[PDB]
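Participant:
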Amino acid sequence: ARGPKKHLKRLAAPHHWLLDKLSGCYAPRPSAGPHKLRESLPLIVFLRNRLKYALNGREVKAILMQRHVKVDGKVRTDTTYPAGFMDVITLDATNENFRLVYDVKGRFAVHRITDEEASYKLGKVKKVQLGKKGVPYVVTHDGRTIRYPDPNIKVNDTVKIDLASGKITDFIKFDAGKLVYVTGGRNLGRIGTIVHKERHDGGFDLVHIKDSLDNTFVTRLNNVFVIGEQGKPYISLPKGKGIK
Amino acid sequence: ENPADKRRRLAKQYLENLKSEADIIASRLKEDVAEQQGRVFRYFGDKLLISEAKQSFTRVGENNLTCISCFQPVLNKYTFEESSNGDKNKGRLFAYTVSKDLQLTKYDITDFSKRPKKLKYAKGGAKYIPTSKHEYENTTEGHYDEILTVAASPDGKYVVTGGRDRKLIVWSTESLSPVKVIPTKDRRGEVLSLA
Amino acid sequence: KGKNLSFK
Amino acid sequence: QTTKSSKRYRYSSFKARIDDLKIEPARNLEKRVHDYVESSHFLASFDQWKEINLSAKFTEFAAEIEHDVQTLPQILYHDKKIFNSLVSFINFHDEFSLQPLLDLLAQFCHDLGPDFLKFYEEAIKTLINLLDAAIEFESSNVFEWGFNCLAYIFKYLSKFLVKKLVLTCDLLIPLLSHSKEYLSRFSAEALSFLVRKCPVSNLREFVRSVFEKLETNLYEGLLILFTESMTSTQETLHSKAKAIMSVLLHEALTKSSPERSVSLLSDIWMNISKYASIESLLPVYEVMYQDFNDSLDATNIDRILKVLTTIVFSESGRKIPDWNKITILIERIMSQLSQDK
Amino acid sequence: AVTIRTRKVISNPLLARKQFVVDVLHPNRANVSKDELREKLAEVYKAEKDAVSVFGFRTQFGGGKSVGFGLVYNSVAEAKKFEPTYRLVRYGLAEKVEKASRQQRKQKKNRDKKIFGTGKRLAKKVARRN
RNA sequence: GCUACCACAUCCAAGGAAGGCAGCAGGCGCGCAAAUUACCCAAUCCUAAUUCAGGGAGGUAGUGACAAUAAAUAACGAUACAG
RNA sequence: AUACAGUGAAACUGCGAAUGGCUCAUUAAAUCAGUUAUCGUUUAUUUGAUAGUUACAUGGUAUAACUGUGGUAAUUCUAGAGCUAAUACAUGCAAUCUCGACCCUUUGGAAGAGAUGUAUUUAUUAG
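Residue numbers (full-length UniProt numbering), protein chains in the order written: chain A, 2 to 245; chain B, 57 to 78, 115 to 287; chain C, 725 to 732; chain D, 6 to 220, 226 to 346, 353 to 357; chain E, 4 to 133.
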């Protein structure tokens, strides 16, 4: 094509969303935002097809304009707002907090969390670079530009961000033995400890990961997200703890 | 004077009775609602004295007694009104029996030391056979074939019976007068037990 | 849990 | 917004909602969860609020108090702990859980009215702090709940509070004299309900006290309180308006009362005269006219002029049925002062 | 008699209502009109009739039973606020909006497009001309 | 959308003026033959100064032995007469 | 509502109309399927960061809609006059941080010295 497409059809939509094929012809096209289109769950799907809360898109629109939905501590009124991995969705009226984490099946799961856990999130360090006026900053997996980072922070690290202030509370270095969550490929969803990182200069780096069941697998580095130390995840994990 | 005030009065009187009876108050209130929770809470088997039980057999005129149903009023904590149908029936215990002779009979069993005492009865017979021969027209007031079951409503207002006439006849407790007859509408819809 | 009813 | 756009939904400011808001539970004819009660008002509302409200703090509130509310004697026997739990959680001031808690507070009073009297002082103080807290976080719904809760308590304790109505307002003086207008306005409506149910004898004691207080924003508050008390429906006045009013003037014309009270009588007069039509006011002008004639004296001559100057100016002469009666009073007032008036 | 049973009751605070599935047992009868269902669901759930919505009712083959969906709003105003227009018109809570057919409206639109400005000045000019 | 050009063609009081879809339906292509120029944006989505406006995107309905699935058009007795 | 405050035809601004739909004539690594790079690039919008360097508010350098006079057989054809606005068009405005004597008070005040936009092009230095 010679320009951006504006419509998203269903059979071409991401499979993990689990839309009914016959109910209609088109699926919500996720608007531009922090996450990739294929790696995002639009708020309409989360509110209607997942929580079963709303019965139709118009209800979702009324709900959103009522300002009852907050994404990462900010009210969002776009029906196709692209919520994604490690995003905190808060519904104060229902007293509900959710973190978007893929299940072992590879689908985003409805994982309820506490307010204390909801107060923060994690961001994998995509880039570390000096800005104008010689101001260092980090770009995370969600597109957050955070200035004045800790120098020890490097790419592939994971920074704990406070939603209210958007500041790094702590960080995790990428190293062997660290607890890790897989975010892509056939092997999406499970959790394991880093064993060894294969480095191929001019090529995609590969990481070996061992699960609690001692089973070992290999993945590309891009699909890796450090989430804590073994036995000490910094977030509450979904049921199954990323096994199988 | 308002109904809520009446409940406040009854609740206040109820508490005074509990205070007169007496920890113990708290436990009893829990026992009052133990029925709602589906678990056994009446452990009194070891307390029972079967050996010293006063056994008694009361003969009656009916041939082949088929079933007996007993009614016990219970104080409702939730409105403080006894399940007795009327003021005269306050704390009166009634037992209803059916036999193959097409009689429904009620007895008073309030006095446990004394034997059941007959109050009223009703007989059925060939007078009550249906002429139509149709199941939906089988709405005669009385029984004409063997009566097998009897059950008393928990409210103490009605008692229901059924049998080889393929009928569910509900009777007024006080007078044993027929108020409704509900056919089963089946050739082999034979009532065998009522609960 | 729901509620139950009947008329006529 | 005289002309309304095509939209079904339109923005409304917090002030705009507040301006439209009115505290009067009785006009609301919607079916009320406590109208059908099989055991108690609290439990009847309590189960309904359990399924509707999913807020956190209410969820712990239900668990703490679920066991002790199953029956009325349990409520009466455990009334102390129920009230303490209710007050503690209302103190947290969470909009998401106030509505059930505030509603249950009113229904709690409904179950044990005379017994709630020992709780009455604490309950009012709890509401006042909530309401003073509610101004910080703008939410018209929160104000509606507490004021509706306040009106409900007055309705259920109407008999007892009326005997000591002066005590009831003494609790609400900070609300009635509060700087912000609507809190005084709304609090005035709740008290006006109690005033409309007060006997004339107890009313005279009450009117004397408030006039004594009058001797910041109290003057406006009592004006709103009294005018609300007389007014019932458009172009009409309440039956007790004749009795409520007749008490007011006698103390006003009484020398012991301050002059500021007579100004309030004038201020009360325009609002009812402007609000009400001719026919509804005919009982009023009679007990105007008879009372002023009866109590005319040289010592109170300055006060009689002022109110009569008020009547003639009120809506010009349209609201006055017969001018001749006023002329006769002049000839009397002339016969029996201040030149300016 | 006729029985009605509510199942799958879900509380919905932020739209301020209750969802459930309605099962209507009507032996020896065709079915129950939606209005009767609304009024008695109002009686049982104890809300005003206007706050009650019922729809999607289908009778089972052979008769005697039907299944549909039921909504009970916390208030009449909330129902008026969130609840679809066409269904309020079903309940009479809203008045049907009279509009012309789509082709008529589109012809109006195109012909309006070909005029520029209010056209009152064109009207007075042609009036003076003729 | 504009300029000049090459053709087609529409009007004029003859001085000029202006004109370009098999997308949706409905047609021609034989002298021999086939679904309606239907209803709606209620749904799912998309665009906007945006809940509310719109969308021949789409949906709804209309026709028919191209195909495919299931089944009516009767069921039960009595009597009389003949070999 | 004595600036207006309501909605609101028209008009000026802002956004969009490169999406969607339809047919298969063409072309044998031509697109294409997988695969790789952009340290070789542009990117509305979204999201997150990000700019202390007459003013109690300038002009028509301005007109639409609108009023009024006309011409033409006549068009989303027209000329003469008269208005009037902006997120349209042009113009444009007594602070901070360091080294810090006095080591005066020992958190601290503090003499004095200093230092202080962004955008484009070229050159240079550090990296």
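Yeah, the Cβ is synthetic: ideal placement off N, Cα and C, and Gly gets one too.
For residue 259 of chain B, which beta-bridge partners are listed by DSSP?
Facilitator: B/275
Participant: Give a yes or no on whether the minimum CB-CB distance between residue 43 of chain E and chain C is below 8 Å.
Facilitator: yes
Participant: In terms of residue numbering, what span does the beta strand (DSSP E) encompassing residue 128 of chain E cover?
Facilitator: No beta strand (DSSP E) contains residue 128 of chain E, which is instead part of the alpha helix (DSSP H) from 123-132.
Participant: Do you know whose CA, among A/125, A/230 and A/149, lies nearest residue 142 of chain A's CA?
Facilitator: A/125
Participant: For residue 22 of chain E, list the residues DSSP reports as bridge partners.
Facilitator: Note: residue 22 of chain E sits in a beta bridge opposite E/13 and E/74.
Participant: Pairs of beta-carbons, one from the region 155-162 of chain B and one from the region 173-192 of chain B, closer than 8 Å: are there three or more?
Facilitator: yes
Participant: When Cβ atoms are compared, which residues of the region 31-51 of chain D fall closer than 8 Å to chain B?
Facilitator: The region 31-51 of chain D vs chain B, Cβ under 8 Å: 42, 43, 44, 45 and 46.
Participant: Would DSSP call residue 293 of chain D helix, strand or coil?
Facilitator: In the structure shown, residue 293 of chain D sits in a helix (DSSP, three-state: H, G or I).
Participant: Mind reading off the beta-carbon distance from residue 312 of chain D to residue 354 of chain D? Whole number of angstroms is fine, and I expect it under 8 Å.
Facilitator: 5 Å
Participant: Pairing CB atoms from the region 20-35 of chain D with CB atoms from the region 58-75 of chain D, are three or more of them under 8 Å?
Facilitator: no
Participant: Counting beta carbon pairs with one atom in the region 99-106 of chain E and one in the region 46-54 of chain E, are three or more of them shorter than 8 Å?
Facilitator: no
Participant: Using Cβ-Cβ distances below 7 Å, what residues of the region 46-80 of chain D are close to chain E?
Facilitator: 56, 57, 58 and 59
Participant: Does residue 91 of chain E come within less than 8 Å of chain A when only Cβ atoms are used?
Facilitator: no
Participant: Can you give me the start and stop residues for the alpha helix (DSSP H) that residue 193 of chain D sits inside?
Facilitator: 186-201
Participant: Look at the alpha carbon of residue 339 of chain D and the alpha carbon of residue 258 of chain D, and state the distance between them as a whole number of angstroms.
Facilitator: Cα-Cα distance, rounded: 20 Å.
Participant: If you draw a straight line from the alpha carbon of residue 218 of chain B to that of residue 227 of chain B, how long is it in whole angstroms?
Facilitator: 17 Å
Participant: Hey, residue 212 of chain B and residue 198 of chain B are a contact pair by Cβ (cut 8 Å); roughly how many whole angstroms apart?
Facilitator: That belief holds up - the Cβ atoms of residue 212 of chain B and residue 198 of chain B are roughly 6 Å apart, short of 8 Å.
Participant: Can you find a C-beta in chain E that's less than 8 Å from the C-beta of residue 84 of chain A?
Facilitator: no
Participant: Please list, in chain order, all residues of the same chain as residue 102 of chain D whose beta carbon is under 6 Å from its beta carbon, the five residues on each side excluded.
Facilitator: 60, 62 and 63
Participant: Tell me which same chain residues have a C-beta within less than 8 Å of the C-beta of residue 201 of chain D, skipping the five on either side of it?
Facilitator: 239, 248, 250 and 254
Participant: Can you tell me whether residue 333 of chain D is buried or exposed? The criterion is at least 16 other CB atoms within 10 Å of its CB, across all chains shown.
Facilitator: exposed
Participant: Flag this pair as yes or no: are the beta carbons of residue 139 of chain D and residue 110 of chain D separated by less than 8 Å?
Facilitator: No, they are not a contact pair.
Participant: Closest to residue 188 of chain A by CA distance: which of A/172, A/217 and A/200 is it?
Facilitator: A/217
Participant: What residues from the region 89-100 of chain A come within 7 Å of chain D, judged by C-beta to C-beta, listed N to C?
Facilitator: 93, 94, 95 and 96
Participant: If you drop the 5 nearest sequence neighbours on each side, which residues of the same chain put their C-beta closer than 7 Å to that of residue 245 of chain D?
Facilitator: 286, 287 and 290
Participant: Looking only at C-alpha atoms, which of A/214, A/221 and A/34 sits nearest to residue 198 of chain A?
Facilitator: A/221
Participant: Quick check on the burial criterion: 16 or more other C-beta atoms within 10 angstroms. Buried or exposed for residue 298 of chain D?
Facilitator: buried
Participant: From residue 126 of chain E to residue 10 of chain D, what distance separates their C-alpha atoms?
Facilitator: Residue 10 of chain D has its alpha-carbon roughly 29 Å from the corresponding atom of residue 126 of chain E.
Participant: Looking only at its chain, what residues have a beta carbon closer than 8 Å to the beta carbon of residue 212 of chain D, apart from the 5 residues adjacent to it on each side?
Facilitator: 257, 258 and 261
Participant: Buried or exposed: where does residue 153 of chain D fall if 16 or more other Cβ atoms within 10 Å of its Cβ makes it buried?
Facilitator: Around the beta carbon of residue 153 of chain D, 16 or more other beta carbons lie within 10 angstroms, which makes this residue buried.
Participant: With distances taken between CB atoms, is the gap from residue 260 of chain B to residue 239 of chain B smaller than 8 Å?
Facilitator: no
Participant: Grouping DSSP H, G and I as helix and E and B as strand, with all else coil, what is residue 362 of chain D?
Facilitator: Past the boundaries of the shown model lies residue 362 of chain D; chain D is included only from 6 to 357, so the question cannot be answered.
Participant: Name the residue from D/81, D/91, D/168 and D/46 whose alpha carbon lies nearest to the alpha carbon of residue 67 of chain D.
Facilitator: D/91
Participant: Chain D beta carbons: is any one of them nearer than 8 Å to that of residue 36 of chain E?
Facilitator: No, residue 36 of chain E does not count as interfacial toward chain D.
Participant: When you check each C-beta in the region 119-139 of chain A against every C-beta of chain E, which residues fall closer than 9 Å?
Facilitator: Answer in chain order: no residues at all.
Participant: Is it the case that the region 225-234 of chain A contacts the region 143-161 of chain A, given that we only count it when at least three CB pairs across the two stretches are under 8 Å?
Facilitator: yes
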